[PDB]
Structure formats: structure tokens, C-alpha cells
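Shown next, in C-alpha cells, is the structure this report addresses.
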Amino acid sequence: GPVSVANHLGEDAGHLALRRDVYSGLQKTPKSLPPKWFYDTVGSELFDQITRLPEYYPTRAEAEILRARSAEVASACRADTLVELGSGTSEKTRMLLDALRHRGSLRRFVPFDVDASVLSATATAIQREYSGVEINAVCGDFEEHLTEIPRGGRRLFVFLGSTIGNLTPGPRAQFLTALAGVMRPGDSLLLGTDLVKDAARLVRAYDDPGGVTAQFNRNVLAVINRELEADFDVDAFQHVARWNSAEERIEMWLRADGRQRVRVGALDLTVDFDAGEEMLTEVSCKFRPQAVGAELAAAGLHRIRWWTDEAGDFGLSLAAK
Ligand SMILES: O=C(O)[C@H](Cc1c[nH]cn1)NC(=S)NCc1ccccc1
């Protein structure tokens with residue numbers, strides 16, 4: 001089937017996005033960076049390592065649900081079209097495409113991500129593995145281009161891996177409202193959410209003993225050093241995984257070992273790290289079954305299926321517009 005990529009991101013939109021997030025976030029108390037920047041080439045294959053760690057249960061828990069419920073998803077949503085908010089590269093992507101193809105209604109696949117090069121390779125590989133499917137990849141961001149997602153058909157929107165947990169409630173309700181707004185009656189959303197559980201398990205999931213998560217987090221400093229010509233002593237910064245009991249969310253911080261002076265070249269900015277000062281690089285919100293259904297409701301979607309894995313570690317929601 002035909003491949004198309006629509007690119008709505010200017011060529012240096014990424015680079016200018018980084019300037020805004022670093023100039024702003026390194027200048028608030030406490031210092032904070034958005035998690036969209038972990039995923040250069042190094043971080044991305046670090047993340048790939050994380051998903052295989054025995055400690056990082058989310059990837060396997062959601063895979064387990066999907067291996068068992070993908071057929072029910074296809075049959076319940078009846079979609080002819082898979083819209084992925086994500087790069088389209090996981091095995092879970094195939095499970096859902098297979099479920100729709102098996103039921104005979106897979107006509108189009110819409111991968112939606114910010115890396116046009118990754119959409120390109122996804123689209124070429126799905127074109128090779130799924131004949132008869134139109135691939136319409138959209139390079140854009142959630143903030144602006146949900147409306148550029150193609151129309152015509154019954155669409156199942158897919159947002160897996162508890163990515164929505166990387167958004168704090170305010171940004172989170174506003175995204176789900178935006179998503180419900182581009183959905184048409186009879187379209188549906190499959191949403192993955194990591195569930196609240198024992199904190200010692202949560203912290204271990206974000207601080208594996210061999211420190212792959214530690215590398216992945218520290219990597220954001222290398223990215224900022226390379227792309228904004230800053231001078232972070234990457235090794236003087238410790239990965240710390242914290243469980244915020246009140247906000248019910250995992251927090252990734254970077255602790256400075258002793259006072260640091262960091263000049264961000266490309267920004268004409270110098271920031272001061274107190275010795276032992278911590279910087280928020282990621283939040284990872286954990287959910288309760290009822291609260292997910294209520295957020296979906298708040299956004300104008302009606303949840304019709306909830307699933308957990310065998311252990312109650314992780315949840316998938318299927319909600320309809
Ligand atoms: O909330 C989480 O567990 C993780 C972050 C995390 C895991 N371990 C330490 N940090 N975020 C995820 S899967 N985002 C989805 C994504 C995947 C690939 C490329 C871009 C975006």
C-alpha cells in the first residue's frame with residue numbers, strides 16, 4: 001500500500017524547542033527539564049535496554065495484556081485504522097495491526113511522532129510487512145498537530161507504555177481534551193497506564209542496579225552539552241529515583257555532587273547548582289483504576305474496557321468517543 005509522510009515540523013523546530021526548555025527550566029526553582037530530550041540516539045538505545053531489564057516491569061506487563069486482549073480490542077473498537085501516538089516501532093504495534101488485519105479491517109496506519117526519520121523507517125517496514133495497508137505518517141507534536149491526523153474511517157488511537165504519565169495532571173487533562181476533540185464518534189482510544197503499587201518496586205524500576213536508567217537520565221546532560229555547547233560535568237551528577245508519595249508519581253532527579261557552574265554556550269546563560277542540589281528531569285505518574293476512567297470521562301471519552309496484567313501491575317483502557 002502507499003506510504004505518505006506529512007511533515008509539519010520546521011527543520012530546527014527541535015533545536016529551538018530545546019533552547020526554550022533549557023533556558024526556562026534551568027532558571028526555575030527547582031531546576032527542571034522536560035523528558036522529551038532523553039531520546040537522542042544514545043538515550044533511545046538506552047531506553048531500549050531499560051525495557052528489557054527485569055526491574056522495568058511496565059514494558060512486559062503491557063505486552064502481556066496486549067498478547068491476550070488485542071483481539072478483543074480489534075473486535076470491540078471495530079477500527080479500520082490504527083493511529084499511534086508513538087514512533088510505530090514496538091512489537092506491540094504489530095500485535096494491534098495483526099488483530100485488525102486478522103479481523104480483516106486493517107486499511108490504514110497512522111504513526112504520529114516528532115522524528116520524521118523514525119516515521120520514515122517505520123512506514124517502510126510496515127509497508128513491507130503489511131501489504132494492502134495505507135501508511136500515513138504524521139510528523140508533528142501533541143501540542144499543535146493532532147488536527148493534522150488524517151480523517152475517514154473508524155480510528156483506534158493508541159497511546160501505550162504509560163507515556164501519558166510523563167504529563168502532570170494539568171497538561172494531562174488538557175492533552176486528553178485535545179485528543180477527544182480530534183476524535184470522531186465511534187473512534188476509540190487505547191491508553192496504557194502504570195498502576196500505583198509498592199514504592200520499593202517503583203523506585204527499583206527507575207534505578208536498576210546496573211544503572212542503565214542512571215545512564216539514560218545522565219544522558220540529558222550530554223545532549224544539552226552537545227547541542228547547546230554547555231559544560232555539565234556529567235559525572236558529577238548522580239541519578240536519583242524518588243517516589244513522591246503525595247503526588248503518587250515516580251520522579252527522576254539528577255543530584256549535583258558538590259557545587260557546579262554550568263555555562264550553557266548557545267544561550268549566554270550560567271546557572272548555579274548548590275552542592276547536593278537536585279534537578280527534576282522526568283515525572284512518571286502512577287494511576288488508580290477509577291481515576292483513569294474519570295480522567296477519560298473528564299476529557300469526554302467513555303471507557304468501555306479496563307484490563308490489567310496478572311499481577312495488577314499495569315492497566316490498559318479502551319475508551320470510545
Ligand atoms: O514513564 C516511563 O516509564 C517512560 C520513561 C522512563 C522509563 N524508564 C525511565 N524513564 N517513558 C516512556 S515509555 N515514553 C514513551 C516513549 C518511548 C520511546 C520514544 C519516545 C517516547
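We number each residue from 1, following the sequence as shown. Just the heavy atoms: all of them, side chains too, but no hydrogens, waters or symmetry mates, feed the values below.
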So do [Y] and [X] actually touch side chain to side chain, heavy atoms under 4.5 Å?
X	Y	answer
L53	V212	yes
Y206	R242	no
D113	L85	no
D272	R259	yes
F157	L179	yes
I149	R155	yes
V264	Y23	no

Residue pair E278, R255: steps toward the salt bridge (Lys or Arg N to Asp or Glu O under 4.0 Å) verdict: CA-CA 4 Å; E278 296 200 336; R255 187 151 65 190; 3.3 Å; yes
What is the distance from atom [atom1] of [X] to atom [atom2] of [Y], rounded to the nearest 0.5 Å?
X	Y	atom1	atom2	answer
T122	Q127	OG1	CD	12.5 Å
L176	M183	CG	CE	9.5 Å
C77	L156	SG	CG	4.0 Å
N7	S117	CG	OG	11.0 Å
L190	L96	CG	CG	6.0 Å
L97	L106	CG	CG	5.5 Å

Is it possible for you to say whether [X] and [Y] belong to one hydrophobic cluster, with membership spreading through side-chain heavy-atom contacts below 4.5 Å?
X	Y	answer
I250	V240	no
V234	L267	yes
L221	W253	no
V283	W37	no

Listed partners of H8 passing ring pair (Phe, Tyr, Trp, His ring centres under 6.0 Å), at least two apart: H145
Ring pair (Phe, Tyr, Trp, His ring centres under 6.0 Å) partners of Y57, counting only residues at least two apart: none
Identified side-chain contact (heavy atoms from CB on, under 4.5 Å) partner of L9 from the options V114, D115, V138: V114
Of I224, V220, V223, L269, the residue whose pairing with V22 passes side-chain contact (heavy atoms from CB on, under 4.5 Å): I224
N244 atom CG: more than 12 heavy-atom contacts under 6.0 Å: yes
Where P111 and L119 come nearest, the two heavy atoms and their spacing: O-CD2, 3.7 Å
Any salt bridge linking [X] with [Y]? Criterion: basic side-chain nitrogen under 4.0 Å from a carboxylate oxygen.
X	Y	answer
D40	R226	yes
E129	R94	yes
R263	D268	yes
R184	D187	no

Stepwise side-chain hydrogen bond (donor to acceptor under 3.5 Å, both in side chains) check, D80 with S105: CA-CA 5 Å; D80 56 33; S105 81; over 6 Å; no
Check against side-chain contact (heavy atoms from CB on, under 4.5 Å), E64 and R60: CA-CA 6 Å; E64 178 203 307; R60 291 190 297 291; over 6 Å; no
ring-ring contact (aromatic ring centres under 6.0 Å, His included) contacts in which one or both residues fall within residues 213-245, not counting sequence neighbours: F38-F216, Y39-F216, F232-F237, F232-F273, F237-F273
ring-ring contact (aromatic ring centres under 6.0 Å, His included) between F159 and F175, worked out: CA-CA 12 Å; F159 197 30; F175 164 75; 5.4 Å; yes
